[PDB]
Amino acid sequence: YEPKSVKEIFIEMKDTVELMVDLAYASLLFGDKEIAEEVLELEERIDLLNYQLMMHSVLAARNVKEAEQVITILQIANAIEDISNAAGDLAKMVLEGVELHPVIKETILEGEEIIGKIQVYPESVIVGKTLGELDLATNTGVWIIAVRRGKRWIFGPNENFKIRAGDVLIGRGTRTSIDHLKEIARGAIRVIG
């Protein structure tokens, strides 16, 4: 079985925890327990990745200097784990079904960076275009963290994911970036970039 590198594991941990925080906020904004459950599942993936990272890091150091260097990696992974656990604490609030103070959703919709729901209409030029080909993060500033398609969720969709009419995109970005993508998704804006 092909071994992974410390960097591959590290990159997945970093990418994953970022997705987790975004999804944690999304679960609070929409009071969505399925999103919240995904966060807890990602928390488990982070623990597994952290374990592999420690296994690799331990085995990779044989002398003092190497040891000192692998320790810096473990220290950062520990910080990532702290963030992962914090995101899990937010998701747990949603799973418990507590009544959220109204300012919470408002805060999520009004910060420098926000979470937004974007409905894709049939006439939108993005229909039929995969995420890889579109790369919305790059071309629109709107980062897609999940997609609701009917009765199913696609979390952290890759480049092989193709957008369809009816899809509901969950994005993270500035308010103006979100309103802009909504116009594109509606069909009002026929041009992308």
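In this text, residue numbers run from 1 along the sequence as written.
- Here the stretch with the larger average CA B-factor, out of 170-178 and 5-13, is 170-178.
- Higher mean CA temperature factor, per the PDB entry, when comparing 23-31 with 51-59: 51-59.
- Taking the PDB entry at face value, the top CA B factor among 88, 111, 97, 116 belongs to 97.
- Among the modelled residues of its chain, residue 40 has a C-alpha B-factor that falls in the lowest third according to the deposited record.
- Residue 46: CA B factor lies in the lowest third for its chain, per the PDB record.
- Residue 154 sits in the middle third of its chain by CA B factor, as recorded in the PDB entry.
- Remark: residue 141 belongs to the lowest third of its chain, ranked by C-alpha B-factor as recorded.
- The PDB entry assigns residue 82 a C-alpha temperature factor belonging to the lowest third of its chain's modelled residues.
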